[PDB]
Structure formats: C-alpha cells, structure tokens
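> One structure is given below, represented as structure tokens, and several questions about it will come after.
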Amino acid sequence: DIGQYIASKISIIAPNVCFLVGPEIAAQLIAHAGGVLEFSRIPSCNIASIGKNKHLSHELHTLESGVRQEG
RNA sequence: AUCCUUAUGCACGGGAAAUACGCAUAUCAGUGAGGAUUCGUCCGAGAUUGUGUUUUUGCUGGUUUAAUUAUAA
C-alpha cells in the first residue's frame, strides 16, 4: 500500500529520478531506502543490488550481458 | 644539534623480465573506469580504438723481417 501511494505523488517528492528512471521504479527505490534523504545517503555502487531477488548457489546465472546484479 | 617517517632526484652494490615496453590534433573516465560478494553489500583508476617495435636497441673484442763491410793479388 505504501509503495503504491509513493508512486502516485512521487513526481512531487523526487522529480529528477522519476524523470531518468521512471516513477514505477523510483517508487520502488525510494520505497526501499524509505525516503529521499536515506536513499541519497547511499553510495552509487550499492544501488544496483536493490531489485536483486536473492543469490543462491543453484540459481545458475551468468548473463550474456555480463551483469552480475539485476535490480 | 643528533635520531626517525613519507614522497621525489642522482647513484655504488644485488636480482628479474623484454609477449614486453611504449605512442596518438582520439573516444570516454572520482560529476565513478573496472571488478568482487557470504546477497547485507564490498573494493576504487583505468577501459576502448589505432599503431611502433618485440627469437630483439647501441657499442666493441677475438678468430677466418732493418744496414753493412772485411781478404793474401
């Protein structure tokens, strides 16, 4: 419910990130770090791991892209 | 005044390599290159593209016989 509410009003709270990535994602991001401040405190190398479901030994994942982390 | 730490320059002495060292009126790159993870995160400067030489650069060493002149007539 919170996440869906953020996606509606997010263009007000974070107009830039919803412009680059889009609101459906930025809502998920901000939704994770639980604010704009706490998400801007995050280094950029830690941002790509957010949507990553989980890592487990039998998953068997090497992409053709070379992406280790899909967020 | 002695003693010590870091960085840089010159240098005696001792090693290792030359699939190794460079170059660019060229593209990006701490305003994040390239990776790593135990999935929470963690490390933090090169990567592309073209090219020169690379069983080799410079320098060296070895091997393939003077003049003068003497007899008793």
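Here, A, B, ... name the chains of the structure tokens in the order displayed, residue numbers run from 1 inside each chain, and ligands are numbered from 1 in the same displayed order.
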Mind listing as a list in words which residues of chain A are within 12 Å of chain B, counting only C-alpha atoms (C1' of nucleotides)?
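Selected residues: residues 42, 43, 44, 45, 46, 47, 48, 49, 50, 51, 52, 53, 54, 55, 56, 57, 66, 67, 68, 69, 70 and 71 of chain A.
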> Please run DSSP on the backbone and report, as number ranges by chain, all residues within chain A that come out as alpha helix (DSSP H).
A: 2-13, 17-20, 23-33, 36-40
> Would you mind exporting the chosen residues as a compact mmCIF listing (two decimals), in the first residue's frame, restricted to N, CA and C atoms?

```txt
# COMPACT_ATOMS: atom_id res chain seq x y z
N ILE A 2 1.86 1.30 0.89
CA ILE A 2 2.81 2.41 0.91
C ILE A 2 3.45 2.59 -0.45
N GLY A 3 3.99 1.51 -1.02
CA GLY A 3 4.67 1.61 -2.30
C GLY A 3 3.78 2.16 -3.39
N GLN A 4 2.52 1.74 -3.42
CA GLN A 4 1.61 2.25 -4.44
C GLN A 4 1.29 3.72 -4.19
N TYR A 5 1.22 4.13 -2.93
CA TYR A 5 0.94 5.53 -2.63
C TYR A 5 2.10 6.42 -3.04
N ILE A 6 3.34 5.94 -2.87
CA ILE A 6 4.50 6.73 -3.26
C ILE A 6 4.51 6.97 -4.77
N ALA A 7 4.09 5.97 -5.55
CA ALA A 7 4.15 6.09 -7.00
C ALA A 7 3.20 7.16 -7.51
N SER A 8 2.16 7.47 -6.75
CA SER A 8 1.19 8.47 -7.20
C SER A 8 1.74 9.88 -7.04
N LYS A 9 2.30 10.18 -5.87
CA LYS A 9 2.76 11.51 -5.53
C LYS A 9 4.25 11.72 -5.78
N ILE A 10 4.95 10.73 -6.34
CA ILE A 10 6.41 10.75 -6.32
C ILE A 10 6.95 11.86 -7.20
N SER A 11 6.24 12.20 -8.28
CA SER A 11 6.72 13.25 -9.17
C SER A 11 6.89 14.57 -8.43
N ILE A 12 6.23 14.71 -7.28
CA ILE A 12 6.45 15.88 -6.44
C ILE A 12 7.70 15.71 -5.59
N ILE A 13 7.87 14.53 -4.98
CA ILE A 13 8.92 14.39 -3.97
C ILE A 13 10.28 14.16 -4.62
N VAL A 17 14.60 11.80 -10.37
CA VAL A 17 14.80 10.36 -10.50
C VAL A 17 13.65 9.72 -11.27
N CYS A 18 12.43 10.24 -11.08
CA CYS A 18 11.31 9.72 -11.86
C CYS A 18 11.42 10.17 -13.31
N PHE A 19 12.21 11.21 -13.57
CA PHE A 19 12.42 11.62 -14.95
C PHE A 19 13.45 10.73 -15.64
N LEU A 20 14.53 10.38 -14.95
CA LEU A 20 15.51 9.48 -15.53
C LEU A 20 14.97 8.06 -15.62
N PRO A 23 8.70 6.61 -12.82
CA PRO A 23 8.06 6.58 -11.49
C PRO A 23 7.84 5.18 -10.94
N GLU A 24 7.54 4.19 -11.79
CA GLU A 24 7.26 2.86 -11.28
C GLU A 24 8.48 2.27 -10.58
N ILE A 25 9.66 2.70 -10.99
CA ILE A 25 10.90 2.20 -10.40
C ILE A 25 11.28 3.07 -9.22
N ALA A 26 11.46 4.37 -9.45
CA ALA A 26 11.79 5.30 -8.38
C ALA A 26 10.92 5.10 -7.15
N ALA A 27 9.62 4.82 -7.34
CA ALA A 27 8.78 4.49 -6.21
C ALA A 27 9.30 3.26 -5.48
N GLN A 28 9.79 2.27 -6.23
CA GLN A 28 10.33 1.06 -5.62
C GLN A 28 11.62 1.35 -4.87
N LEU A 29 12.50 2.15 -5.47
CA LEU A 29 13.76 2.57 -4.87
C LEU A 29 13.56 3.33 -3.58
N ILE A 30 12.94 4.51 -3.67
CA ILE A 30 12.65 5.34 -2.50
C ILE A 30 11.91 4.50 -1.48
N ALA A 31 10.94 3.72 -1.96
CA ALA A 31 10.22 2.76 -1.14
C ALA A 31 11.15 1.85 -0.35
N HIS A 32 12.29 1.45 -0.92
CA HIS A 32 13.26 0.61 -0.24
C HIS A 32 14.04 1.37 0.83
N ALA A 33 14.80 2.39 0.43
CA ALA A 33 15.56 3.17 1.39
C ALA A 33 14.67 3.96 2.34
N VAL A 36 13.85 10.05 0.59
CA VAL A 36 14.78 10.62 -0.38
C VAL A 36 16.15 10.79 0.25
N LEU A 37 16.18 11.32 1.48
CA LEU A 37 17.46 11.51 2.17
C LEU A 37 18.21 10.20 2.31
N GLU A 38 17.57 9.20 2.91
CA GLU A 38 18.26 7.95 3.19
C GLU A 38 18.68 7.25 1.91
N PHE A 39 17.99 7.53 0.80
CA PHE A 39 18.40 6.95 -0.47
C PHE A 39 19.54 7.73 -1.10
N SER A 40 19.66 9.03 -0.81
CA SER A 40 20.77 9.80 -1.33
C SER A 40 22.01 9.63 -0.47
```
> Taking 3 positions as the minimum chain separation for residues in the same chain, which residues sit within 12 Å of range 51-55 of chain B when counting only C-alpha atoms (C1' of nucleotides)? Answer as a PDB file with N, CA, C and O atoms (P, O5', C5', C4', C3', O3' and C1' of nucleotides), in the first residue's frame.

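Result written to around-v6.pdb:
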```
ATOM      1  P     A B  18      61.819 -12.840 -21.008  1.00  0.00           P
ATOM      2  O5'   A B  18      61.627 -11.481 -21.810  1.00  0.00           O
ATOM      3  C5'   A B  18      60.334 -10.943 -22.024  1.00  0.00           C
ATOM      4  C4'   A B  18      60.381  -9.720 -22.899  1.00  0.00           C
ATOM      5  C3'   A B  18      61.341  -9.780 -24.082  1.00  0.00           C
ATOM      6  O3'   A B  18      60.873 -10.466 -25.242  1.00  0.00           O
ATOM      7  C1'   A B  18      61.738  -7.809 -22.882  1.00  0.00           C
ATOM      8  P     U B  19      59.328 -10.839 -25.477  1.00  0.00           P
ATOM      9  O5'   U B  19      59.016 -11.913 -24.348  1.00  0.00           O
ATOM     10  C5'   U B  19      57.773 -12.586 -24.266  1.00  0.00           C
ATOM     11  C4'   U B  19      56.635 -11.654 -23.948  1.00  0.00           C
ATOM     12  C3'   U B  19      55.478 -12.332 -23.234  1.00  0.00           C
ATOM     13  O3'   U B  19      55.628 -12.408 -21.815  1.00  0.00           O
ATOM     14  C1'   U B  19      54.690 -11.374 -25.235  1.00  0.00           C
ATOM     15  P     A B  20      55.299 -11.212 -20.784  1.00  0.00           P
ATOM     16  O5'   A B  20      56.003  -9.909 -21.357  1.00  0.00           O
ATOM     17  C5'   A B  20      56.063  -8.741 -20.551  1.00  0.00           C
ATOM     18  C4'   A B  20      57.001  -7.711 -21.119  1.00  0.00           C
ATOM     19  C3'   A B  20      56.477  -6.287 -21.145  1.00  0.00           C
ATOM     20  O3'   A B  20      56.591  -5.627 -19.898  1.00  0.00           O
ATOM     21  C1'   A B  20      57.404  -6.808 -23.237  1.00  0.00           C
ATOM     22  P     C B  21      55.630  -4.388 -19.551  1.00  0.00           P
ATOM     23  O5'   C B  21      56.276  -3.174 -20.349  1.00  0.00           O
ATOM     24  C5'   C B  21      57.601  -2.757 -20.070  1.00  0.00           C
ATOM     25  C4'   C B  21      58.167  -1.907 -21.176  1.00  0.00           C
ATOM     26  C3'   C B  21      57.433  -0.615 -21.473  1.00  0.00           C
ATOM     27  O3'   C B  21      57.727   0.420 -20.556  1.00  0.00           O
ATOM     28  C1'   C B  21      57.896  -1.722 -23.494  1.00  0.00           C
ATOM     29  P     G B  22      56.579   1.454 -20.131  1.00  0.00           P
ATOM     30  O5'   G B  22      55.837   1.765 -21.502  1.00  0.00           O
ATOM     31  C5'   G B  22      55.604   3.098 -21.926  1.00  0.00           C
ATOM     32  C4'   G B  22      56.184   3.344 -23.297  1.00  0.00           C
ATOM     33  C3'   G B  22      55.424   4.325 -24.171  1.00  0.00           C
ATOM     34  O3'   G B  22      55.719   5.675 -23.871  1.00  0.00           O
ATOM     35  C1'   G B  22      55.946   2.393 -25.424  1.00  0.00           C
ATOM     36  P     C B  23      54.552   6.773 -23.893  1.00  0.00           P
ATOM     37  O5'   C B  23      54.178   6.886 -25.433  1.00  0.00           O
ATOM     38  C5'   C B  23      55.112   7.383 -26.379  1.00  0.00           C
ATOM     39  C4'   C B  23      54.464   7.567 -27.722  1.00  0.00           C
ATOM     40  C3'   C B  23      53.140   8.313 -27.697  1.00  0.00           C
ATOM     41  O3'   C B  23      53.330   9.714 -27.736  1.00  0.00           O
ATOM     42  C1'   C B  23      52.927   6.333 -28.982  1.00  0.00           C
ATOM     43  P     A B  24      52.204  10.714 -27.188  1.00  0.00           P
ATOM     44  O5'   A B  24      51.019  10.565 -28.235  1.00  0.00           O
ATOM     45  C5'   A B  24      51.152  11.059 -29.557  1.00  0.00           C
ATOM     46  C4'   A B  24      49.858  10.922 -30.311  1.00  0.00           C
ATOM     47  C3'   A B  24      48.612  11.301 -29.528  1.00  0.00           C
ATOM     48  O3'   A B  24      48.368  12.699 -29.481  1.00  0.00           O
ATOM     49  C1'   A B  24      48.280   9.204 -30.542  1.00  0.00           C
TER      50        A B  24
END
```
> So what do you get for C1' of residue 60 in chain B versus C1' of residue 12 in chain B, distance-wise?
24.6 Å
> What lies within 12 Å of residue 48 in chain B using only C-alpha atoms (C1' of nucleotides), ignoring chain neighbours under 3 positions off, as number ranges by chain?
B: 26-29, 33
> May I ask for the distance between CA of residue 14 in chain A and CA of residue 1 in chain A, given in Å to one decimal place?
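About the pair CA of residue 14 in chain A and CA of residue 1 in chain A: they are 18.7 Å apart.
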